[PDB]
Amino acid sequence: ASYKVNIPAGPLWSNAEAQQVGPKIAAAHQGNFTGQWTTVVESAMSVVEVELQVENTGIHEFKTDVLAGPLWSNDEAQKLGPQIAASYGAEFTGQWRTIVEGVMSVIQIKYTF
C-alpha cells in the first residue's frame, strides 16, 4: 500500500529544477516523486509530493540514530519509539539515548531497502 505526503526540498527556483530534484529527494526517502510540488515560503522553502510505501521491504538494512525529541524514560522511549521510527519510514531497534539532558534524545532506527 502507498500514501502521499509533501517533503521539504529547500528552495526550488523553477519547475524545471523541481522536476529534476524531486526524484532525488523521493529516492532518499524510499518513495516516488509524483511530479507535484510547490514553494511554501517565498525564496526560502519548497516541498515535493512523494509517494511512500506503508512497508519498506528489501534484503538490505542500515541502522542509524535520528532525533526523537526529548524522551524522559526508557518506558516512554519503548512506547513511542516504534511510532517515531515510523515517522522516518523505518523501524525502531529498541536502542536509544538522550544526547542533551533535558533537551533532546535520539532513537536508533533500522532502514530496510
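Quick note: we count residues from 1 along the sequence shown, nothing fancier.
Comparing 54 to 62 with 37 to 45, the higher mean C-alpha B-factor in the PDB entry belongs to 54 to 62. When the modelled residues of the chain are ordered by C-alpha B-factor, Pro23 sits in the middle third. In the deposited entry, the Cα temperature factor of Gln83 places it in the middle third of its chain's modelled residues. Per the deposited record, the Cα B-factor of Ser105 falls in the lowest third when ranked against the other modelled residues of its chain. Per the PDB record, residue ranking by Cα B-factor puts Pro70 in the middle third of the chain. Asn15 sits in the middle third of its chain by CA B factor, as recorded in the PDB entry.
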